[PDB]
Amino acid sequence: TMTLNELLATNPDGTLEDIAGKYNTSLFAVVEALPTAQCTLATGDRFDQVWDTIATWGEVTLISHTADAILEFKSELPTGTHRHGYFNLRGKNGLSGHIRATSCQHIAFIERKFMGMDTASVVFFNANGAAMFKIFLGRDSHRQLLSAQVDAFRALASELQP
């Protein structure tokens, strides 16, 4: 039987969600098993540092991904303030909301191919190992990932490492 670790090393290009299902485990379990060349993990405790930074990267795509609905929204990440246990967003581009402070337990910076194209995402996980939401970098006129975002993304991932 092919192990989760062996499967991920073959670099599958489908959704990690389907791999989690194939192995009857959480999305975090799958991400935690990715080759380190494709993934850098951080604790949920760095949430504010991470969010504030991405909020300076220009337009990104925030996605809510569940079995019943995948919702995607392209815009500059709004900044926010904490109050009553929630991180409240103040958006001016169509994206707003409230993120529960104690919910994020893990953060992952993933660089992998999807449908044959290079992708870079920051995934926020709750205690159950499910993705609360994901943030994907945008592309340029060459259909390549925005170089300025890739550099900031890798820089942030790096400083979150010991």
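Counting begins at 1, following the sequence as shown.
- On average the C-alpha atoms of 54 to 62 have higher B-factors than those of the other stretch, with 128 to 136 and 54 to 62 being the two compared.
- Comparing 96 to 104 with 119 to 127, the higher mean C-alpha B-factor in the PDB entry belongs to 96 to 104.
- In this PDB entry, the Cα temperature factor of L16 sits in the middle third of its chain's modelled residues.
- Ranked by Cα temperature factor within the chain, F109 sits in the lowest third according to the deposited record.
- For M2, the recorded CA B-factor ranks within the highest third of the chain. Only modelled residues enter the ranking.
- Sort the modelled residues of the chain by CA B factor and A155 lands in the lowest third.
- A29: CA B factor lies in the middle third for its chain, per the PDB record.
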